[PDB]
file work19.cif (mmCIF, C-alpha atoms)
data_my_file
#
loop_
_atom_site.label_atom_id
_atom_site.label_comp_id
_atom_site.auth_asym_id
_atom_site.auth_seq_id
_atom_site.Cartn_x
_atom_site.Cartn_y
_atom_site.Cartn_z
CA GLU A 1 -2.98 6.28 21.59
CA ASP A 2 -0.76 8.67 19.61
CA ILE A 3 0.60 5.52 17.97
CA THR A 4 -2.66 4.23 16.46
CA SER A 5 -4.13 7.69 15.82
CA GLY A 6 -0.88 8.99 14.33
CA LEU A 7 -0.67 5.95 12.09
CA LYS A 8 -4.21 6.56 10.84
CA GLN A 9 -3.51 10.29 10.31
CA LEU A 10 -0.29 9.60 8.43
CA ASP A 11 -2.13 7.02 6.34
CA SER A 12 -4.96 9.38 5.48
CA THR A 13 -2.77 12.35 4.46
CA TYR A 14 -0.60 9.99 2.41
CA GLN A 15 -3.58 8.54 0.55
CA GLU A 16 -5.18 11.91 -0.15
CA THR A 17 -2.00 13.63 -1.33
CA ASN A 18 -1.16 10.57 -3.43
CA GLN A 19 -4.52 10.68 -5.19
CA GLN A 20 -4.00 14.40 -5.82
CA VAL A 21 -0.60 13.66 -7.38
CA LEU A 22 -2.03 10.95 -9.59
CA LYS A 23 -4.76 13.39 -10.70
CA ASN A 24 -2.20 16.01 -11.67
CA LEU A 25 -0.17 13.40 -13.58
CA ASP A 26 -3.33 12.21 -15.39
CA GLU A 27 -3.94 15.82 -16.32
CA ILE A 28 -0.65 16.04 -18.17
CA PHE A 29 -1.26 12.63 -19.79
CA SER A 30 -4.13 14.54 -21.38
CA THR A 31 -2.97 18.08 -22.08
CA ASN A 32 9.67 22.69 -31.90
CA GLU A 33 11.42 19.32 -32.24
CA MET A 34 13.03 19.82 -28.83
CA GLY A 35 9.56 20.71 -27.57
CA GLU A 36 8.24 17.34 -28.72
CA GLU A 37 11.22 15.56 -27.20
CA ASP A 38 10.89 17.34 -23.86
CA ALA A 39 7.14 16.74 -23.61
CA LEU A 40 7.66 13.07 -24.44
CA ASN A 41 10.30 12.78 -21.70
CA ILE A 42 7.92 14.42 -19.26
CA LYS A 43 5.36 11.77 -20.19
CA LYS A 44 7.85 8.92 -19.75
CA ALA A 45 8.79 10.33 -16.36
CA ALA A 46 5.10 10.39 -15.48
CA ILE A 47 4.76 6.71 -16.37
CA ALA A 48 7.72 5.76 -14.20
CA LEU A 49 6.50 7.83 -11.28
CA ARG A 50 3.10 6.23 -11.53
CA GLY A 51 4.67 2.78 -11.30
CA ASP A 52 6.93 3.76 -8.41
CA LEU A 53 4.05 5.23 -6.41
CA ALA A 54 1.99 2.14 -7.14
CA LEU A 55 4.65 -0.11 -5.61
CA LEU A 56 5.04 2.11 -2.57
CA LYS A 57 1.28 1.97 -1.97
CA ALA A 58 1.10 -1.79 -2.35
CA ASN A 59 3.89 -2.15 0.20
CA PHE A 60 2.25 0.12 2.76
CA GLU A 61 -1.02 -1.75 2.45
CA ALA A 62 0.66 -5.14 2.86
CA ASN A 63 2.32 -3.86 5.98
CA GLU A 64 -0.92 -2.59 7.53
CA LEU A 65 -2.78 -5.85 6.94
CA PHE A 66 0.16 -7.69 8.44
CA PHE A 67 0.04 -5.38 11.45
CA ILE A 68 -3.58 -6.42 11.92
CA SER A 69 -2.97 -10.15 12.05
CA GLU A 70 0.26 -9.75 13.98
CA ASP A 71 -1.51 -7.62 16.57
CA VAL A 72 -3.95 -10.49 16.93
CA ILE A 73 -1.05 -12.82 17.74
CA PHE A 74 0.44 -10.47 20.35
CA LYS A 75 -2.92 -10.09 22.09
CA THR A 76 -3.40 -13.82 22.46
CA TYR A 77 -0.64 -16.45 22.80
CA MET A 78 2.31 -14.04 22.82
CA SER A 79 1.00 -11.73 25.56
CA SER A 80 2.41 -13.77 28.43
CA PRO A 81 4.65 -16.78 29.07
CA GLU A 82 1.52 -18.31 30.58
CA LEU A 83 -0.37 -18.21 27.29
CA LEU A 84 2.67 -19.12 25.25
CA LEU A 85 3.21 -22.22 27.34
CA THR A 86 -0.51 -23.10 27.19
CA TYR A 87 -0.57 -22.63 23.43
CA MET A 88 2.53 -24.79 22.96
CA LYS A 89 1.11 -27.49 25.24
CA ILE A 90 -2.05 -27.63 23.15
CA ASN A 91 -0.22 -27.18 19.85
CA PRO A 92 3.21 -28.87 20.22
CA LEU A 93 5.98 -28.77 17.63
CA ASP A 94 6.52 -31.73 15.29
CA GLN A 95 8.11 -34.77 16.96
CA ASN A 96 11.10 -34.43 14.65
CA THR A 97 12.05 -30.86 15.56
CA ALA A 98 10.88 -31.73 19.08
CA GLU A 99 13.59 -34.29 19.75
CA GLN A 100 16.11 -32.50 17.49
CA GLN A 101 16.00 -29.26 19.48
CA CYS A 102 14.25 -30.05 22.77
CA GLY A 103 15.05 -33.67 23.53
CA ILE A 104 14.83 -33.12 27.28
CA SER A 105 13.63 -35.49 30.00
CA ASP A 106 11.68 -32.84 31.97
CA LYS A 107 8.42 -32.12 30.15
CA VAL A 108 8.18 -28.65 31.73
CA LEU A 109 11.64 -27.82 30.45
CA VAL A 110 10.41 -29.14 27.12
CA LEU A 111 7.59 -26.57 27.12
CA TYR A 112 10.02 -23.81 27.94
CA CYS A 113 12.28 -24.98 25.12
CA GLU A 114 9.42 -25.07 22.61
CA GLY A 115 8.28 -21.66 23.81
CA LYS A 116 11.67 -20.15 23.05
CA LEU A 117 11.69 -21.89 19.66
CA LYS A 118 8.28 -20.45 18.83
CA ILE A 119 9.44 -16.99 19.82
CA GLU A 120 12.44 -17.33 17.53
CA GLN A 121 10.22 -18.39 14.64
CA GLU A 122 7.96 -15.37 15.09
CA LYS A 123 11.06 -13.21 15.30
CA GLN A 124 12.22 -14.61 12.00
CA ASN A 125 8.86 -14.04 10.35
CA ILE A 126 8.87 -10.40 11.46
CA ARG A 127 12.43 -9.65 10.40
CA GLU A 128 11.60 -11.15 7.02
CA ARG A 129 8.57 -8.89 6.56
CA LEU A 130 10.53 -5.86 7.68
CA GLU A 131 13.36 -6.63 5.26
CA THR A 132 10.88 -6.95 2.42
CA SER A 133 9.30 -3.61 3.32
CA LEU A 134 12.62 -1.82 3.55
CA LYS A 135 13.75 -3.22 0.22
CA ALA A 136 10.59 -2.20 -1.63
CA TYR A 137 10.79 1.24 -0.10
CA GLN A 138 14.49 1.84 -0.80
CA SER A 139 14.21 0.47 -4.30
CA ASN A 140 11.28 2.71 -5.19
CA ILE A 141 11.51 5.90 -3.10
CA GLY A 142 13.98 7.95 -5.16
CA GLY A 143 11.55 7.64 -8.05
CA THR A 144 9.84 10.69 -6.60
CA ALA A 145 12.67 13.01 -7.54
CA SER A 146 10.97 13.62 -10.93
CA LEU A 147 8.24 15.28 -8.95
CA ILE A 148 10.73 17.99 -7.97
CA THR A 149 13.18 18.37 -10.85
CA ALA A 150 10.22 18.79 -13.17
CA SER A 151 8.40 21.19 -10.84
CA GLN A 152 8.08 24.78 -12.00
CA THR A 153 6.82 27.12 -9.30
CA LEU A 154 8.36 27.15 -5.81
CA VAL A 155 4.92 26.46 -4.37
CA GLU A 156 4.29 23.37 -6.52
CA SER A 157 7.73 22.09 -5.62
CA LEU A 158 7.15 22.76 -1.90
CA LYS A 159 3.93 20.75 -1.97
CA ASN A 160 5.68 17.87 -3.72
CA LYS A 161 8.46 17.93 -1.11
CA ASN A 162 5.80 17.79 1.58
CA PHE A 163 4.21 14.81 -0.16
CA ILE A 164 7.51 12.98 -0.09
CA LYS A 165 8.01 14.00 3.58
CA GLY A 166 4.68 12.31 4.32
CA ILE A 167 5.79 9.12 2.61
CA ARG A 168 8.93 9.09 4.70
CA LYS A 169 6.88 9.73 7.86
CA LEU A 170 4.59 6.78 7.14
CA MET A 171 7.56 4.49 6.47
CA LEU A 172 9.12 5.62 9.74
CA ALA A 173 5.92 4.79 11.59
CA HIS A 174 5.70 1.34 10.05
CA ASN A 175 9.32 0.69 10.93
CA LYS A 176 8.63 1.67 14.53
CA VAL A 177 5.83 -0.90 14.57
CA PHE A 178 8.07 -3.72 13.29
CA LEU A 179 10.88 -2.93 15.69
CA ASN A 180 8.50 -2.76 18.63
CA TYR A 181 7.15 -6.22 17.79
CA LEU A 182 10.65 -7.55 18.03
CA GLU A 183 11.25 -5.72 21.34
CA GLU A 184 8.04 -7.14 22.81
CA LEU A 185 9.34 -10.57 21.85
CA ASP A 186 12.67 -9.88 23.55
CA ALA A 187 10.88 -8.94 26.76
CA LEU A 188 8.64 -11.98 26.46
CA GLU A 189 11.71 -14.20 26.17
CA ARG A 190 13.27 -12.69 29.26
CA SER A 191 10.10 -13.18 31.33
CA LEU A 192 9.82 -16.73 30.01
CA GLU A 193 13.39 -17.46 31.05
CA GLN A 194 13.00 -15.84 34.48
CA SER A 195 9.83 -17.87 34.94
CA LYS A 196 11.84 -21.01 34.14
CA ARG A 197 14.52 -20.15 36.71
CA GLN A 198 11.80 -19.46 39.30
CA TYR A 199 10.53 -22.93 38.49
CA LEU A 200 14.00 -24.45 39.06
CA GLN A 201 14.52 -22.52 42.31
CA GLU A 202 11.15 -23.64 43.64
CA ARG A 203 11.76 -27.20 42.46
CA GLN A 204 15.18 -27.80 44.05
CA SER A 205 13.92 -26.62 47.47
#
call {"tool": "encode", "arguments": {"input": "work19.cif", "output": "structure tokens"}}
result
Amino acid sequence: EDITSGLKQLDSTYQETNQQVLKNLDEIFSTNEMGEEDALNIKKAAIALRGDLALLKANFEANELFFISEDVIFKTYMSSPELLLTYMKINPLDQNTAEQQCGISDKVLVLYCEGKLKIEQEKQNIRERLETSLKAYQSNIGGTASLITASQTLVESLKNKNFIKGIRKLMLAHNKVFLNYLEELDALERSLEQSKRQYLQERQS
């Protein structure tokens, strides 16, 4: 329960503190030569930070939507080898890939083979989404250092550091979700395989 609740808490505090930050940036977008130069650089930094934060937010939101649909998959046809096999029997792979990968005489062994294939494909989809998330995060995260180097009072800095800590927390939580999907698939594959060997043991006798 801590998982779901903690994810929602992390999300909320991230969104609120992010909106606060954007407000404070806005505020400076509103309100000697070296003075002009410095203030202009502060503005440029603000623009860059705004972009960076925008990308981070878009990535988090993509991940959460994905978690929704992916949770739907793991509650239906990926919750048991039973349902995986039933799903594959109703929705078989293309005849091409079928005979390329699982050209087997035994039609039960064919289902098991297609089941493993399907698991591998979902695995691949998830690793791909995770890699995209990690890349967006790593590419854009350090963009928050402006928020500290341009801080003035120790308090203001502290609050910015906390903000960043919250971003890192939320990314950590999302990562945990991705990795657990893959683990659940690993376990599913082992039960599927053990089920197959139980089938062979019962069949020979």
call {"tool": "closest_residue", "arguments": {"input": "work19.cif", "among": "A:126, A:173, A:117, A:167", "to": "residue 98 of chain A", "atoms": "only C-alpha atoms"}}
result
A:117
call {"tool": "resolve_selection", "arguments": {"input": "work19.cif", "expression": "the PyMOL selection byres ((chain A and resi 10-22) around 7)", "output": "PDB file with C-alpha atoms, keeping the file's coordinate frame"}}
result
ATOM      1  CA  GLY A   6      -0.880   8.990  14.330  1.00  0.00           C
ATOM      2  CA  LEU A   7      -0.670   5.950  12.090  1.00  0.00           C
ATOM      3  CA  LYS A   8      -4.210   6.560  10.840  1.00  0.00           C
ATOM      4  CA  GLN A   9      -3.510  10.290  10.310  1.00  0.00           C
ATOM      5  CA  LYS A  23      -4.760  13.390 -10.700  1.00  0.00           C
ATOM      6  CA  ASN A  24      -2.200  16.010 -11.670  1.00  0.00           C
ATOM      7  CA  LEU A  25      -0.170  13.400 -13.580  1.00  0.00           C
ATOM      8  CA  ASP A  26      -3.330  12.210 -15.390  1.00  0.00           C
ATOM      9  CA  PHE A 163       4.210  14.810  -0.160  1.00  0.00           C
ATOM     10  CA  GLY A 166       4.680  12.310   4.320  1.00  0.00           C
ATOM     11  CA  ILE A 167       5.790   9.120   2.610  1.00  0.00           C
ATOM     12  CA  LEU A 170       4.590   6.780   7.140  1.00  0.00           C
TER      13      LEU A 170
END
call {"tool": "resolve_selection", "arguments": {"input": "work19.cif", "expression": "the PyMOL selection byres ((chain A and resi 190-192) around 12)", "output": "number ranges by chain"}}
result
A: 78-85, 109, 111-119, 183-189, 193-199
call {"tool": "resolve_selection", "arguments": {"input": "work19.cif", "expression": "the PyMOL selection byres ((chain A and resi 50-67) around 8)", "output": "PyMOL selection string"}}
result
chain A and resi 22+46-49+68-71+133+136-137+140-141+143-144+171+174+177
call {"tool": "axis_aligned_box", "arguments": {"input": "work19.cif", "around": "segment 60-66 of chain A", "padding_each_side": "5 Å", "output": "AutoDock Vina command-line options"}}
result
--center_x -0.2 --center_y -3.8 --center_z 5.4 --size_x 15.1 --size_y 17.8 --size_z 16.0
call {"tool": "closest_residue", "arguments": {"input": "work19.cif", "among": "A:34, A:3, A:42, A:110", "to": "residue 93 of chain A", "atoms": "only C-alpha atoms"}}
result
A:110
call {"tool": "closest_residue", "arguments": {"input": "work19.cif", "among": "A:5, A:125, A:105, A:132", "to": "residue 181 of chain A", "atoms": "all atoms listed in the file"}}
result
A:125
call {"tool": "residues_around", "arguments": {"input": "work19.cif", "residues": "segment 148-156 of chain A", "least_positions_apart": "6", "cutoff": "10 Å", "atoms": "only C-alpha atoms", "output": "list in words"}}
result
residues 42, 45, 162 and 164 of chain A
call {"tool": "atom_distance", "arguments": {"input": "work19.cif", "atom1": "atom CA of residue 120 of chain A", "atom2": "atom CA of residue 182 of chain A"}}
result
10.0 Å
call {"tool": "atom_distance", "arguments": {"input": "work19.cif", "atom1": "atom CA of residue 145 of chain A", "atom2": "atom CA of residue 30 of chain A"}}
result
21.8 Å
call {"tool": "build_atoms", "arguments": {"input": "work19.cif", "residues": "segment 42-60 of chain A", "atoms": "N, CA, C and O atoms", "output": "PDB file, in the frame of the given file"}}
result
ATOM      1  N   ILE A  42       8.762  14.115 -20.403  1.00  0.00           N
ATOM      2  CA  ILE A  42       7.920  14.420 -19.260  1.00  0.00           C
ATOM      3  C   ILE A  42       6.896  13.294 -19.095  1.00  0.00           C
ATOM      4  O   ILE A  42       6.640  12.816 -17.982  1.00  0.00           O
ATOM      5  N   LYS A  43       6.336  12.861 -20.218  1.00  0.00           N
ATOM      6  CA  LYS A  43       5.360  11.770 -20.190  1.00  0.00           C
ATOM      7  C   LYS A  43       5.970  10.465 -19.673  1.00  0.00           C
ATOM      8  O   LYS A  43       5.365   9.770 -18.844  1.00  0.00           O
ATOM      9  N   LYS A  44       7.172  10.148 -20.151  1.00  0.00           N
ATOM     10  CA  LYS A  44       7.850   8.920 -19.750  1.00  0.00           C
ATOM     11  C   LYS A  44       8.121   8.946 -18.248  1.00  0.00           C
ATOM     12  O   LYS A  44       7.894   7.953 -17.531  1.00  0.00           O
ATOM     13  N   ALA A  45       8.563  10.110 -17.778  1.00  0.00           N
ATOM     14  CA  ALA A  45       8.790  10.330 -16.360  1.00  0.00           C
ATOM     15  C   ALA A  45       7.519  10.093 -15.566  1.00  0.00           C
ATOM     16  O   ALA A  45       7.548   9.510 -14.477  1.00  0.00           O
ATOM     17  N   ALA A  46       6.403  10.553 -16.123  1.00  0.00           N
ATOM     18  CA  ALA A  46       5.100  10.390 -15.480  1.00  0.00           C
ATOM     19  C   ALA A  46       4.762   8.906 -15.351  1.00  0.00           C
ATOM     20  O   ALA A  46       4.264   8.458 -14.311  1.00  0.00           O
ATOM     21  N   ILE A  47       5.053   8.138 -16.398  1.00  0.00           N
ATOM     22  CA  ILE A  47       4.760   6.710 -16.370  1.00  0.00           C
ATOM     23  C   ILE A  47       5.543   6.018 -15.261  1.00  0.00           C
ATOM     24  O   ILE A  47       4.984   5.264 -14.435  1.00  0.00           O
ATOM     25  N   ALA A  48       6.832   6.347 -15.204  1.00  0.00           N
ATOM     26  CA  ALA A  48       7.720   5.760 -14.200  1.00  0.00           C
ATOM     27  C   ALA A  48       7.317   6.129 -12.778  1.00  0.00           C
ATOM     28  O   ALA A  48       7.357   5.289 -11.864  1.00  0.00           O
ATOM     29  N   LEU A  49       6.889   7.371 -12.600  1.00  0.00           N
ATOM     30  CA  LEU A  49       6.500   7.830 -11.280  1.00  0.00           C
ATOM     31  C   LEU A  49       5.244   7.114 -10.845  1.00  0.00           C
ATOM     32  O   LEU A  49       5.116   6.702  -9.693  1.00  0.00           O
ATOM     33  N   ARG A  50       4.348   6.917 -11.801  1.00  0.00           N
ATOM     34  CA  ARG A  50       3.100   6.230 -11.530  1.00  0.00           C
ATOM     35  C   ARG A  50       3.366   4.804 -11.061  1.00  0.00           C
ATOM     36  O   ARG A  50       2.779   4.346 -10.066  1.00  0.00           O
ATOM     37  N   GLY A  51       4.313   4.135 -11.711  1.00  0.00           N
ATOM     38  CA  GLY A  51       4.670   2.780 -11.300  1.00  0.00           C
ATOM     39  C   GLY A  51       5.282   2.723  -9.906  1.00  0.00           C
ATOM     40  O   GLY A  51       4.888   1.914  -9.054  1.00  0.00           O
ATOM     41  N   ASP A  52       6.239   3.615  -9.685  1.00  0.00           N
ATOM     42  CA  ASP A  52       6.930   3.760  -8.410  1.00  0.00           C
ATOM     43  C   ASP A  52       5.955   3.959  -7.231  1.00  0.00           C
ATOM     44  O   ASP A  52       6.017   3.273  -6.190  1.00  0.00           O
ATOM     45  N   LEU A  53       5.030   4.891  -7.426  1.00  0.00           N
ATOM     46  CA  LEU A  53       4.050   5.230  -6.410  1.00  0.00           C
ATOM     47  C   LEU A  53       3.126   4.045  -6.182  1.00  0.00           C
ATOM     48  O   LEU A  53       2.709   3.765  -5.045  1.00  0.00           O
ATOM     49  N   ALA A  54       2.832   3.325  -7.262  1.00  0.00           N
ATOM     50  CA  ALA A  54       1.990   2.140  -7.140  1.00  0.00           C
ATOM     51  C   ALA A  54       2.649   1.074  -6.263  1.00  0.00           C
ATOM     52  O   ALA A  54       1.987   0.473  -5.399  1.00  0.00           O
ATOM     53  N   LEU A  55       3.959   0.891  -6.423  1.00  0.00           N
ATOM     54  CA  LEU A  55       4.650  -0.110  -5.610  1.00  0.00           C
ATOM     55  C   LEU A  55       4.726   0.300  -4.150  1.00  0.00           C
ATOM     56  O   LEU A  55       4.519  -0.532  -3.237  1.00  0.00           O
ATOM     57  N   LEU A  56       4.966   1.592  -3.932  1.00  0.00           N
ATOM     58  CA  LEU A  56       5.040   2.110  -2.570  1.00  0.00           C
ATOM     59  C   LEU A  56       3.709   1.886  -1.845  1.00  0.00           C
ATOM     60  O   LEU A  56       3.685   1.459  -0.667  1.00  0.00           O
ATOM     61  N   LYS A  57       2.609   2.135  -2.557  1.00  0.00           N
ATOM     62  CA  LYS A  57       1.280   1.970  -1.970  1.00  0.00           C
ATOM     63  C   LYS A  57       0.984   0.513  -1.662  1.00  0.00           C
ATOM     64  O   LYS A  57       0.444   0.185  -0.592  1.00  0.00           O
ATOM     65  N   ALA A  58       1.352  -0.370  -2.583  1.00  0.00           N
ATOM     66  CA  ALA A  58       1.100  -1.790  -2.350  1.00  0.00           C
ATOM     67  C   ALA A  58       1.863  -2.302  -1.133  1.00  0.00           C
ATOM     68  O   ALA A  58       1.341  -3.108  -0.339  1.00  0.00           O
ATOM     69  N   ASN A  59       3.068  -1.772  -0.947  1.00  0.00           N
ATOM     70  CA  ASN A  59       3.890  -2.150   0.200  1.00  0.00           C
ATOM     71  C   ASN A  59       3.309  -1.668   1.520  1.00  0.00           C
ATOM     72  O   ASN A  59       3.205  -2.442   2.490  1.00  0.00           O
ATOM     73  N   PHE A  60       2.874  -0.409   1.545  1.00  0.00           N
ATOM     74  CA  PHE A  60       2.250   0.120   2.760  1.00  0.00           C
ATOM     75  C   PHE A  60       1.024  -0.696   3.146  1.00  0.00           C
ATOM     76  O   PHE A  60       0.827  -1.027   4.326  1.00  0.00           O
TER      77      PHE A  60
END
